[PDB]
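What follows is one structure encoded as C-alpha cells, with my remarks underneath.
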Amino acid sequence: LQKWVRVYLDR
Amino acid sequence: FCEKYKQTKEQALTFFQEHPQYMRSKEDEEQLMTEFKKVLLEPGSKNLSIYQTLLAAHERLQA
C-alpha cells in the first residue's frame with residue numbers, strides 16, 4: 001500500500 | 001498530515017479489496033502503477049481522491 005500512498009501524495 | 005495519510009491508506013485498501021487481482025499479481029500491479037502515474041501527470045490530478053485516481057487508472061487498463 002505504501003508505494004501507492006507515497007506516489008499519490010507527490011502528484 | 002498524519003491523519004490525512006491514514007485516511008488515504010484506508011481508501012487505497014478498500015479499492016484493493018474491490019480489485020483483489022492487483023495484490024495477487026506483480027504484472028497487474030505494474031500495469032496499474034504505470035497508468036496511476038499517467039493519471040497523476042494530468043492537470044488537476046490534485047483534485048482527485050486516491051480512490052478516484054486508482055479507479056481512473058484501472059479504467060484506463062479496461063480500455
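Global size of the protein assembly as shown: 11.5, 35 Å for Rg and Dmax (C-alpha atoms, Rg to one decimal, Dmax whole).
Semi-axes of the equivalent ellipsoid for segment B:2-62, computed as √(5λ) from the eigenvalues of its C-alpha gyration tensor and ordered from largest down, come to 18, 16, 9 Å.
Helix-only estimate, please: 222 nm mean residue ellipticity of the protein assembly as shown, summing -39500 (n - 2.57) across DSSP H runs of length 4 or more and dividing by its residues, to the nearest 500. Before the final figure, lay out the partial values.
Numbers: 5 runs with 59 residues, N = 74.
Estimated from H runs of four or more residues: -24500 deg cm²/dmol.
Across segment B:26-42, rounded Karplus estimates of 3J(HN,Hα) from the backbone phi angles (6.51 cos²θ - 1.76 cosθ + 1.60, θ = phi - 60°) give 4, 4, 5, 3, 5, 4, 4, 4, 4, 5, 4, 5, 5, 4, 5, 6, 5 Hz, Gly and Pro being marked x.
Would you mind ranking A:11, A:6 by Cβ crowding within 10 Å, fewest neighbours first?
Details: A:11 16, A:6 11.
Placing the least packed residue first, the sequence is A:6, A:11.
Listed by chain and number, the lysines whose alpha-carbon sits under 21 Å from that of residue B:46, ignoring those within fewer than 8 places in the same chain, are A:3, B:4, B:6, B:9, B:37, B:38. Per residue of B:18-29, other chain Cβ atoms within 10 Å of the residue Cβ number 0 on average.
Every residue, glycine as well, gets a Cβ built from its backbone with ideal geometry; the counts of neighbours run over all protein chains shown. Bear in mind that the values in this text are calculations on the coordinates, not laboratory data.
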